[PDB]
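Comments concern the structure below.
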Amino acid sequence: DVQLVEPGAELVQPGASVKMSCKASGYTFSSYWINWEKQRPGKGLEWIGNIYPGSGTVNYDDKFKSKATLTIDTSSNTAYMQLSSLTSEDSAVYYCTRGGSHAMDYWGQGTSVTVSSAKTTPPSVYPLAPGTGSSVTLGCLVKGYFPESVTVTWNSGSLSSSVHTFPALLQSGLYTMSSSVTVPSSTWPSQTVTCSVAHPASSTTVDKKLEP
Amino acid sequence: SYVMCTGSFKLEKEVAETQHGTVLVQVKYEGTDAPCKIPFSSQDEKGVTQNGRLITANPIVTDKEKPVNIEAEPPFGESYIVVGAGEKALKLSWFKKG
Amino acid sequence: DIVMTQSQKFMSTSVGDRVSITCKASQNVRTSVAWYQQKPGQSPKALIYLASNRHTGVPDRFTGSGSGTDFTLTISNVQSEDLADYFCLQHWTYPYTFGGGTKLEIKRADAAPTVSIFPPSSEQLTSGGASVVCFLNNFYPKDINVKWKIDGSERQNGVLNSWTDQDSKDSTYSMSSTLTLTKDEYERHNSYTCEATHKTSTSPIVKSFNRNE
Numbered sequence: 001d002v003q004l005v006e007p008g009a010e011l012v013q014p015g016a017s018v019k020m021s022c023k024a025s026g027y028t029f030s031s032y033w034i035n036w037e038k039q040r041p042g043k044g045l046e047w048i049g050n051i052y053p054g055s056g057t058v059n060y061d062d063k064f065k066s067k068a069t070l071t072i073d074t075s076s077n078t079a080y081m082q083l084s085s086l087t088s089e090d091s092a093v094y095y096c097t098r099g100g101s102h103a104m105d106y107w108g109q110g111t112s113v114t115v116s117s118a119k120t121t122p123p124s125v126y127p128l129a130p131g136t137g138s139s140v141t142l143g144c145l146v147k148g149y150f151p152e153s154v155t156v157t158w159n160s161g162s163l164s165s166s167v168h169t170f171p172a173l174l175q176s177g178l179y180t181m182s183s184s185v186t187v188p189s190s191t192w193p194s195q196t197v198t199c200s201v202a203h204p205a206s207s208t209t210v211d212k213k214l215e216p
Numbered sequence: 298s299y300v301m302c303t304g305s306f307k308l309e310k311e312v313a314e315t316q317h318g319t320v321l322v323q324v325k326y327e328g329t330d331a332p333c334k335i336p337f338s339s340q341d342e343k344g345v346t347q348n349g350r351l352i353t354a355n356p357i358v359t360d361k362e363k364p365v366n367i368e369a370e371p372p373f374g375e376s377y378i379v380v381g382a383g384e385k386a387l388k389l390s391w392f393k394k395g
Numbered sequence: 001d002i003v004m005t006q007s008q009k010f011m012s013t014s015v016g017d018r019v020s021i022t023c024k025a026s027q028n029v030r031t032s033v034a035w036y037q038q039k040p041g042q043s044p045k046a047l048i049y050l051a052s053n054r055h056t057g058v059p060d061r062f063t064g065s066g067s068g069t070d071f072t073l074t075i076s077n078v079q080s081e082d083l084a085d086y087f088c089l090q091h092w093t094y095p096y097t098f099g100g101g102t103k104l105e106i107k108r109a110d111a112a113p114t115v116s117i118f119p120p121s122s123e124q125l126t127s128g129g130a131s132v133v134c135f136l137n138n139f140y141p142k143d144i145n146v147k148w149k150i151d152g153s154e155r156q157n158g159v160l161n162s163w164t165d166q167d168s169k170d171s172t173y174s175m176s177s178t179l180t181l182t183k184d185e186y187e188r189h190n191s192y193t194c195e196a197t198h199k200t201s202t203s204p205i206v207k208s209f210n211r212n213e
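Protein chains in written order, with the entry's author numbering: chain H, 1 to 131, 136 to 216; chain C, 298 to 395; chain L, 1 to 213.
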C-alpha cells in the first residue's frame, strides 16, 4: 500500500498561480525521488522535474524552468509543485510519482488544472427529435455549462444499452456535450423517452421529455 | 557545427547524484561566444584523462545567463570531472561510494 | 533531448492474439526504458522496468525487450482487460521523455454509420441560437469525415465535432457533429445537410432537412 494523494482538481484564473500537493504514505518518503508530469489530451506526456526529499536535490526540464517550482515538507511526507502566471496552455492533468533507478513506479491520482475566467454556469438542455427506419435515434444537447462535469441518463437510467455519451468540447468559453439513445420505431412516441441532465457544480437537474 | 566555448565555467549549485544514478554538474558560463560547445573530460585519481564517461549528448551553452546541466558516469572511488578548456578549466573532485 | 517514438498511435487486435508495440529512442538509451499502461480517467500503471523486467503483480502475458534504440512491449494472449493506452519512457538522462502512446483496440467487421440529423429545438430558437446536430453512430473503423452544407454550399465555420472511444459492447465508434449558427443566420437559409464519408461505401450517406417544412 504505497500511496500518493493529490487533490482532484484546481480552477485557476488566467495570469494567477497555483500550488498543488503530493502526500506520500506506505513507504519511507526520504528513501525515494518524486517526479512531476504534465498530461494534456492530444499531446504526449511530459516530465516537469524531480526532487529528492532527503537532500533537497532538484532537477527541472528546461521547458518548465520559468513555470514550475518544486518544494517539500518532509515532516508531513508531502511534495509540492507551484506553477506561475497560468495560461490556457497550462490546463492539464498534473501527476506526481515515486521514482528511483527503476524510474516512476507508483503514480498519484493526478490534479486536473483548468485555466479559465469562466463563472459556474448551468447547462441549457435542448431536445434532439426528428424533424424514419425501424429504429429511431433521439438526443439531448447540453450546452453552455461550466465547469466540465455533467451526467446524462435516459428514463432515469432504464434505457442504457443503446446510449452514446459524447465527450464535451469547449465552445465560447463554456462546455457543450450531447447524448443519443436509439429505440425501435414502434416504441416511440408510444413509450416515453426523457433525458435527465445533472450538473452538480451549479446544482442543476433538468428532465427533458422527447416529443414528436 | 558549434565552436568550442572559449570561456570559463563555474558551478551554479552543488554537484549531486541523479535519480538514475549519474552525477550532475550544473554550470554557469562566463564567456561571450554562446551558443557554443562545452569542452568536457573526466580524469582518474591520478589526474589522467579517461574517456566515454560523458552521459549528456553534446552539452552546449545557448545563453550565458542560463545554467547548463551536464551528467557524467564517474568510476567507483576517486575521480575528477572537468568542464571547460585550458588551465582555467573547472576541475571537480568526485568520490563514488561502494 | 532524447525523443521516444511510438510510430503506431492505434493498433487493432483480437482477444487471444499477440501484439508487439514499438518504441524507438533517438539515441542509445541502453536498457533505461520503462513501459506504462493507462486507461481513460485512470493513473498510469507501471508494467516493465529497465527494458525487460516485469513489475510485481503484472501478468506474464506482458514481456519487454530491446537495448540501445529499439524497444518492444509484447502482449501475448491479449485479454479484453489489456485494451488500454501504452507508453514508453526513457530515463537514461534528464530530461526524462515519453513516447506518444499506442492505444490497443479490438478488431471487428466494418460497419457503416447510422446518420441522424436534427433541427434546432423551438426552445433554443426562442433564445436566439440555432444548433443543427448530426449523430454518426456505431461505425467501424474509426476513420470518418463529415461535411455540412447550407442551401447546397459547403460550410466549415461553426462546426464542432466530438468522437467517442471504442464501445465496450459492440466495438464500434460514434461521432456527434454540430453546426452552430445564430437564429438570424439560420432563418436566412432553408436546407441543412450533413454528409458522412466512410470506407464502407464509395457513396457518402447524406441527411437533410428544409427549415420551411
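Using N, Cα and C, we set each Cβ at its ideal position, and we do this for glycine too.
Measure from the alpha carbon of residue i to the alpha carbon of each residue in the options, then state which is nearest.
| i | options | result |
| --- | --- | --- |
| residue 158 (chain L) | L:174, L:167, L:169, L:186 | L:186 |
| residue 144 (chain L) | L:99, L:177, L:18, L:19 | L:177 |
| residue 22 (chain L) | L:200, L:98, L:183, L:191 | L:98 |
| residue 338 (chain C) | C:326, C:353, C:362 | C:353 |
| residue 349 (chain C) | C:333, C:368, C:363, C:358 | C:368 |
| residue 69 (chain L) | L:79, L:28, L:101 | L:28 |
| residue 19 (chain H) | H:4, H:148, H:52, H:79 | H:79 |
| residue 31 (chain L) | H:174, H:101, H:114 | H:101 |
| residue 38 (chain H) | H:77, H:60, H:23 | H:60 |
| residue 170 (chain H) | L:129, L:35, L:56, L:133 | L:133 |
| residue 91 (chain L) | L:201, L:33, L:7 | L:33 |
| residue 163 (chain L) | L:102, L:142, L:150 | L:142 |
| residue 195 (chain L) | L:86, L:117, L:80, L:94 | L:117 |
| residue 90 (chain H) | H:48, H:128, H:109 | H:48 |
| residue 6 (chain H) | H:95, H:41, H:75 | H:95 |
| residue 8 (chain H) | H:131, H:112, H:137, H:15 | H:112 |
| residue 361 (chain C) | C:312, C:309, C:328, C:313 | C:328 |
| residue 191 (chain H) | H:136, H:211, H:179 | H:136 |
What residues match up with residue i in a beta bridge as DSSP calls it?
| i | result |
| --- | --- |
| residue 129 (chain L) | L:182 |
| residue 47 (chain H) | H:37 |
| residue 133 (chain H) | Coordinates for residue 133 (chain H) are absent, as chain H skips straight from 131 to 136. |
| residue 155 (chain L) | L:148 |
| residue 21 (chain L) | L:73 |
| residue 337 (chain C) | C:380 |
| residue 214 (chain H) | The partner list for residue 214 (chain H) (beta bridge, DSSP) is empty, contrary to what the question assumes. |
| residue 3 (chain L) | Bridge partners of residue 3 (chain L): none, in fact. |
Looking only at its chain, what residues have a beta carbon closer than 6 Å to the beta carbon of residue i, apart from the 5 residues adjacent to it on each side?
| i | result |
| --- | --- |
| residue 220 (chain L) | Since the displayed chain L opens at 1 and closes at 213, residue 220 (chain L) lies outside it and no answer follows. |
| residue 27 (chain H) | 2 |
| residue 76 (chain L) | 18, 61 |
| residue 30 (chain H) | 53, 54 |
| residue 12 (chain L) | 105, 107 |
| residue 20 (chain L) | 72, 74 |
| residue 373 (chain C) | 393 |
| residue 308 (chain C) | none |
Identify, in the order they occur along the chain, each residue of the same chain with its Cβ nearer than 8 Å to the Cβ of residue i, setting aside the five sequence neighbours on each side.
| i | result |
| --- | --- |
| residue 246 (chain H) | Any question about residue 246 (chain H) goes unanswered here, given that chain H covers just 1 to 216. |
| residue 112 (chain L) | 139, 198, 200, 201, 205 |
| residue 182 (chain L) | 128, 129, 130 |
| residue 184 (chain L) | 128 |
Only counting the same chain, and skipping five residues up and downstream in sequence, which positions put a Cβ closer than 7 Å to that of residue i?
| i | result |
| --- | --- |
| residue 380 (chain C) | 306, 322, 324, 335, 337, 367, 386, 387 |
| residue 13 (chain H) | 117 |
| residue 122 (chain H) | 149, 203, 206, 208 |
| residue 46 (chain L) | 34, 36, 55 |
| residue 84 (chain H) | 17, 67 |
| residue 170 (chain L) | 138 |
| residue 115 (chain H) | 12, 14, 86, 87, 88, 90, 91 |
Runs of alpha helix (DSSP H) wholly within the stretch 72-128 of chain H (minimum 4 residues, chain order): none
Entirely within the stretch 71-147 of chain L and at least 4 residues each: give me those alpha helix (DSSP H) ranges in chain order. 122-126
Name the residues in the stretch 83-114 of chain L whose C-beta lies less than 8 Å from a C-beta of chain C; which are they? 91, 92, 93, 94
Please name the residues in the stretch 26-47 of chain L whose beta-carbon is closer than 7 Å to at least one beta-carbon of chain C, in chain order. 27, 32
Taking a Cβ distance cut-off of 9 Å, strictly less, list which residues of the stretch 156-169 of chain L are near chain H, in chain order. 160, 161, 162, 163, 164, 165, 167, 169
Along the stretch 352-365 of chain C, what residues have a CB closer than 7 Å to any CB found in chain L? 352, 353, 354
Please list the residues of the stretch 96-113 of chain H that have a C-beta atom closer than 9 Å to any C-beta atom in chain L, keeping them in chain order. 97, 99, 101, 102, 103, 104, 105, 106, 107, 108, 109, 110
Which of the residues in the stretch 318-348 of chain C, read from start to end, lie with their CB under 9 Å from any CB of chain H? 318, 321, 323
Select from the stretch 362-394 of chain C all residues with a C-beta closer than 7 Å to any C-beta belonging to chain L, and list them in chain order. 366, 368
For the stretch 30-60 of chain H, enumerate the residues whose C-beta is nearer than 8 Å to any C-beta of chain C, in chain order. 33, 35, 50, 52, 55, 57, 59
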